[PDB]
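Just dropping this structure here.
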């Protein structure tokens, strides 16, 4: 076993934003949106909520490698929008999680 998890691409790349101003740039970022999510067993010593957020940090980290494929850099603004797509992707793997979100609304 290696560790690199794969599950094909994702449907509905249109992610929520809320910032009409950012939407402008999001149009160019959506084309380069993240289509790969990875996670290691090392990340499993905190609550269930932190586990999800952490998983997002892992992907972006390794992302630095593929970043060489295009030979470019990422800005705090670009990475921010990309971090939003990664999260939604983590849940895409298992809809069972989102199923709980729909039911009830206790915060």
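Note that chain A carries Swiss-Prot numbering, so the residues on display, from first to last, are 125-231.
This deposition comes from solution NMR.
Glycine is no exception: its Cβ is also placed from the backbone N, Cα and C atoms.
Pulled these from Swiss-Prot:
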| type | residues | note |
| --- | --- | --- |
| DISULFID | 179-214 | disulfide bond |
| CARBOHYD | 181 | N-linked glycosylation site |
| CARBOHYD | 197 | N-linked glycosylation site |
| LIPID | 230 | GPI-anchor amidated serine |
Measuring CB to CB from residue 197 (N-linked glycosylation site), give everything in the same chain under 8 Å that is also at least six residues away in sequence.
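Long-range Cβ contacts: 191.
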Which residue, of the recorded positions 181, 230, has its CB surrounded by the fewest other CB atoms within 10 A?
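Selected from the recorded positions 181, 230 on minimum Cβ neighbours within 10 Å: 230.
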